[PDB]
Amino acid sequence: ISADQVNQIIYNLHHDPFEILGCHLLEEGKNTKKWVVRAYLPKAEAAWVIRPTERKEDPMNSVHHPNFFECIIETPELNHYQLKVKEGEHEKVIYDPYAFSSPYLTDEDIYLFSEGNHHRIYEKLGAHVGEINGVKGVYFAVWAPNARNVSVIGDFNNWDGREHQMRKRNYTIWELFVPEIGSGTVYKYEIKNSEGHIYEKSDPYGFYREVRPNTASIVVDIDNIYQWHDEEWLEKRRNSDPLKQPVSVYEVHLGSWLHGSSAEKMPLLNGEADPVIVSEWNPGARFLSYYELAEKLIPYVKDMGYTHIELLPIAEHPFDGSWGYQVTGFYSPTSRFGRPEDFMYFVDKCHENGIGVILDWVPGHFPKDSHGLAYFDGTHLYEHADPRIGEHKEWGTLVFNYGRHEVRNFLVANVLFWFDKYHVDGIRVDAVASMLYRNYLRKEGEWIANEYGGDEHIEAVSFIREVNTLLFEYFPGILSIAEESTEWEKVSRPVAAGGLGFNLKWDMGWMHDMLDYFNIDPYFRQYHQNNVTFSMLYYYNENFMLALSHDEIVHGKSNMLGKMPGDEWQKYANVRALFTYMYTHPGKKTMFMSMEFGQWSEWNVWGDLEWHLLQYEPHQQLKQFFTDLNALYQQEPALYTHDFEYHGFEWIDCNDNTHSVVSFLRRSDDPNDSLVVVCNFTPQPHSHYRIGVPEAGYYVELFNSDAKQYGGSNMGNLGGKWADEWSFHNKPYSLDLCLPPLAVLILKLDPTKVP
């Protein structure tokens, strides 16, 4: 490019910047092509073009002006790129604003979609505000290849679309522009299928929806509704390895954490809506908005010291009682709590406060509701046609046809959409086995094996691998967490190594072993020391997340206090010891709302939590306990830098099963950061209990779960204890400790203390 052209841009004289900025084809070679990407980035010193799916980065060069950049690249296709932009001492990574000239679908969009590789298809399918033939309006587009006809109905043409029939392209997608409408437009697709039947559909790619039980999509100007402030959090994230950091997750269901009064409007970010009543049986109550949650949940979590909040699914879902796990608007956060910009604000505020957001994501299935994806075009479009792989009969839901391109695409782009539009920091997938197995909850003769006569759902495995490969390339630094409950190997290993490519995996064995263990009367725990120690046998085959989740405190399993034997005192003690052990045991942490203040009742998704218990001392004390524990966790490198290396852990001794005592070391990079942890899992204190340590000196008591400030009896070692040169458990030195009742101690050597 020339200097006159550059200057036209800099001084805003150019007639159409899309001719020059963006990605443009320079020439076609035999095997590859030459492209140029250009960007005008005022205030940027430097820039790069990222080709995330090829795993490449190329620098851009200033040309004629220091903020006008060009990059020339040779590669056959150049569909997927990002700009990395450096403004002084900060870097951001963004999609190229000048990537798409036109709001309508191109031949390139359609081709890519048909191959299943349009990672940004949501920019073109759905509904977008736009200009065509010189007129402001909305462009609508929708995949329905076997439909006979499709129209658009809504407020603007009183729900009759005779004059708004849509043009069908490449025998696959239906499109239409409508002038003079804008965001807020309420609408659906009127589809007539191959048999004359004329059903209505919510927009599969729609970005906002009416409040359940209504289901009309609403048009959002999604790139012009909210102003972010999280550049620095995003940079820190992209350049960090979250597996070597502390990660204590507070799991939350937004609809049932706290309610407000339905006798008032729900405040939003600079606005307000009509309240959404939580149910007809509790009509005095409403949900809080994303906005109100940003104001109440976030500082509450900040205070507790958790690093992350994980949300049960917020994609639009018709029925509260599904907990979110039956989704019908995969491209919108639920209107129960307000608008897309309100959730943006929620995520932005988390980031301002140093807190990550993880979303439960549900690509495994979708319900039969007729507003949604089922039998979409009058065929089995999204679901597999054959119910032996296309239906989950015990759930009454449909399974996505992962081998169908436009379906894979819908899902692969969907996961990316949450990281792109809403800046989230991780996803989790419930019930991964349900995707992995052709025989999932099906008995002999109602399932067909794969090609090679195995149980493996081959299209599913391959969708999962692609999803995770892509996520980490596009947004390095995120968490992709799985719960897979069948011993399937290499879940949290990279696709390269024959993994499924998640980076963390819930340890469900550890959860069963610990809750089974703590549920036994202390006296009999001697018969079950292996519950305590077994998880470390297979521990290194995966990167484990220690999760004690919402699933474990419903449907008659009790909340955590109620799982524990003994009187009130011993019940809180057992909670303290279990969670102290959890936070010291290798792996990342997840725990569910209500557990941190000792709720008695099971989680009830129709009400809110029992906040009034925080008026009382024991509940307050338990909450302080968790507050200090999270504070410690963040503060002590040995508790997070080496969760997943052998160096990070070693048992000191685990043979005293008679007193249900175990002890171990955690280590980090610096050996002065090493910690000694000792657990006493009965209410029998011990008085001169000897534990091998590996160096001499004063070991400070960093933490003692029996402290009276936490509800304990206050037995302890009075701040710490000098080692003895008295060999024990194969170690040169040893400590002669008080073990408080039902309690855990964390000690560290202070190698500069006065002998």
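Residue numbers here begin at 1 and follow the sequence given.
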Inset, instruction - Select between 723-731 and 707-715 the stretch whose C-alpha atoms have the higher average B-factor in the entry. - result: 723-731
Legend entry - Higher-scoring stretch by recorded Cα B factor average, 264-272 or 349-357: 264-272
Inset, instruction - Could you tell me which one of 576, 465, 365, 442 shows the highest CA temperature factor in the PDB record? - result: 442
Legend entry - Of the residues 430, 617, 425, 109, the one carrying the largest Cα B-factor as recorded: 617
Legend entry - Record-listed C-alpha B factor of residue 601: chain third: middle
Inset, instruction - Place residue 300 in the lowest, middle or highest third of its chain's C-alpha B-factors, as listed in the PDB entry. - result: lowest
Legend entry - B-factor third for the C-alpha atom of residue 118 within its chain: lowest
Inset, instruction - Comparing against every modelled residue in the chain, figure out the third that the C-alpha B-factor of residue 376 lands in (lowest, middle or highest). - result: middle
Inset, instruction - Name the third of the chain's ranked CA B-factors that contains residue 38, choosing lowest, middle or highest. - result: lowest
